[PDB]
Structure formats: C-alpha cells, structure tokens
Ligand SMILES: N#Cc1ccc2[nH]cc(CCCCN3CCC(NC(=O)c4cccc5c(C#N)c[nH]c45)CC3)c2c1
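Single chain ahead, written as structure tokens, the form solved without this ligand.
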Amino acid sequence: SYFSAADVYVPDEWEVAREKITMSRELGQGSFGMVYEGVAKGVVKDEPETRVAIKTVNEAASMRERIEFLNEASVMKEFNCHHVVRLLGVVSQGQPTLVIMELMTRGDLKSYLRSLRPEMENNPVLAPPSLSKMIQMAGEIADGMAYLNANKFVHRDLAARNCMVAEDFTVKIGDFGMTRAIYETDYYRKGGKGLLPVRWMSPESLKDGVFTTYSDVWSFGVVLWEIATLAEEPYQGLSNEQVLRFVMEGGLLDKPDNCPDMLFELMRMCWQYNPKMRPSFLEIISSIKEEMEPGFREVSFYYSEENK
C-alpha cells in the first residue's frame, strides 16, 4: 500500500579521515551549523596540505537534519570546473558531521562588491573596478554557468550573493544555497514554490515560475548590473510586488552611473524580453574572450575538450 520514504546517506569515495582535518577561523553560521576555515591533508592532487572551508553539523542536531545536510551538500560532487566551487571531501563518520569545500577567502561576490564601496570616513580608497576587471569576473561567471548548462543543470538563483571570490580574485559559482538565508530580503514569497529571487528573475519566470538556461542568462545580466553598481538592490525603491509588474510589463534596470558602454550592451542582450533572443553563456564568452586574461584558455570550460 506504499513506497518507503526513508532517506539515508551512503558513505562513498569522498569520505575523508577526521584525523586529516583541522579547523581554525570561524567564517559564519549556515542553516545547518557553523562554518570554519581549516586545513585538510591529501584532498588535492600534489598538495600535501590545502586550506579549506569546513561546513559542520554539531552533535545536538537531529539525524534527519544531518542526513538532509549530507544529501544536499552531495549535489556538488558531480562538478569539476575551475569556475565552480569544489567539494573536496566528507566526514560522515562520527560527530561533528563535516563537509570539506574549496576555500574562497574573499567571500561571496555580493559581500566582496559591497566591501569595495568607499567608507564614510574620507580616507583614501581604491577606485571602482575597471572594465577589464569587471569583464574578467563576467567571463568567469559565464564559464561556470556554461559548464553547469552543459551538465544539464538550471541554476535558478544566479546572483552576486551566489558567486564566491578566491584569494587571487577569481570568481566562481558558489556552493549551492549557502547565502540565501543571510541575504533574506533578496527573496519574496508569493505562494507555492516559496521564496523566489524576484529582482533577479526573468519576465517569463515571474509569470509562471518555470526556470530555464534562458532565465539564468537574464539573471546573469542582473549580476553584471550588480558588479557595475557594487551590489545595489535591483529596482531599489520598488516594492517586491511593484517589481513583478514592472519587469513582466517590459521594464528594465537603468544603466548604472559611469557604467562602461560594453558592459551595459551585454546587459541589454541578457534582458531581451523573448528568451530565445538572449545569447547563451557560450555565446557570451565568445563575445568577450579576447578581453580575458591569458590563463583563461588553460582553466576554462569554454576552451576545454569537454566543450563540444
């Protein structure tokens, strides 16, 4: 009279010995538990030791919660791309439960962009990012997204808060779902389907709640706008409800102050009302590849043999 509904986590080849992991600096609190920086032995080829981020579930959490955490985190096991944050191992044996991730020392891109805003202290400050630096970020994000699309995924929440920034300033698609609870006001719940990033969503997505790679491209345009405004709220001064109506009826974000023409042109291609007229992520990269740093050819999905 029924199918069993019991969820489990099955230890696999990603399991790492607890003795190989040490945790130091606290990075923050996730929905599941605390996240730390640390060091992991033997998790990267040719590296005796690697700096890592360690997501934890402590001894007080329920086993149901524990298993949910492990199965959610495990989605990242399928990916191996320079521009997607890597999962490096799992400690499911004993407690606390650990998931070991590539460390992104400069944080999420929204936080990073906001950190570049001048302080209200009249001190000397780095000028806003150059076109060349913004283009580099764009290409890296687009490469990670092309990789995900090639692996038949739709992201559904592409936004600066869901990209991460490495020590060397490389931007990558972030660990899935790790910042939505922190930037809670970037979401709006209107019904079933729950909390949706309405200010990042395409007109067609706002209309019927379906997401495609075409709507990921729309969101990519909004990310470029975020980069150019240092992460202002899109459609600031419109309520959540007013955004739905504005975008569905054809309204667009304005060209940011001092935004280079090239970048806004790219935004406009992403924001074509008809999804079929938007470029693909591969086509986006093709258009800016001459402006990418030379090493992009060695590490990108775009130039890899997997891009066929």
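Sequential numbering from 1, following the sequence displayed.
**Q** Where do the C-alpha atoms have the higher mean temperature factor in this entry, in 121-129 or in 210-218?
**A** It is 121-129 that shows the higher mean C-alpha B-factor.
**Q** Taking only the CA atoms, which stretch has the higher mean B-factor in the record, 183-191 or 111-119?
**A** The stretch with the larger mean CA B-factor is 183-191.
**Q** Check the PDB entry and point out which of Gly89, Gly237, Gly144, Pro197 has the largest C-alpha temperature factor.
**A** Largest recorded C-alpha B-factor: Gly237.
**Q** For the listed residues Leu253, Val57, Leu27, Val39, which one has the largest C-alpha B-factor as given in the deposited model?
**A** Largest recorded C-alpha B-factor: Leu253.
**Q** In terms of the CA temperature factor given in the entry, to which third of its chain does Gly94 belong: lowest, middle or highest?
**A** Middle third, going by the recorded CA B-factors of the chain.
**Q** Compared with the other modelled residues in the chain, in which third is the CA B-factor of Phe301?
**A** Lowest third, going by the recorded CA B-factors of the chain.
**Q** By the recorded C-alpha temperature factor, relative to the other modelled residues in its chain, which third is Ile288 in?
**A** Highest third.
**Q** Just say lowest, middle or highest third for the CA B-factor of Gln272 relative to the other modelled residues in its chain.
**A** For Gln272, whose C-alpha B-factor we compare with every modelled residue in the chain, the answer is the middle third.
**Q** What third of its chain, lowest, middle or highest, does the C-alpha temperature factor of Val52 fall into?
**A** It belongs to the lowest third of the chain when residues are ordered by C-alpha B-factor.
Just so you know, the form deposited with this ligand bound exists too; it's not on screen, but the next bit is about it.
**Q** Within 4.5 Å of this ligand in the entry with it bound, do we find a heavy atom from each of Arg199, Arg268 and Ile284?
**A** Negative, none of the three is within 4.5 Å.
**Q** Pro129 versus this ligand, in the entry with it bound: is there a non-hydrogen atom within 4.5 Å?
**A** So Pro129 counts as contacting this ligand.
**Q** Can you tell me whether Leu238 touches this ligand? I mean in the entry with it bound, with a 4.5 angstroms heavy atom cut-off.
**A** It does not: once this ligand is placed as it appears in the entry with it bound, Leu238 has no heavy atom within 4.5 Å of it.
**Q** Is the gap between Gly174 and this ligand in the entry with it bound 4.5 Å or less for some heavy atom pair?
**A** Yes - in the entry with it bound, heavy atoms of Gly174 and this ligand come within 4.5 Å of each other.
**Q** Using the partner position in the entry with it bound, report whether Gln136 sits within 4.5 Å of this ligand, counting heavy atoms only.
**A** Contact check for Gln136: yes, within 4.5 Å of this ligand in the entry with it bound.
**Q** Answer with one of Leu224, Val217, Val99, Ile141: the residue that has a non-hydrogen atom within 4.5 Å of this ligand in the entry with it bound.
**A** Selected residue: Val99.
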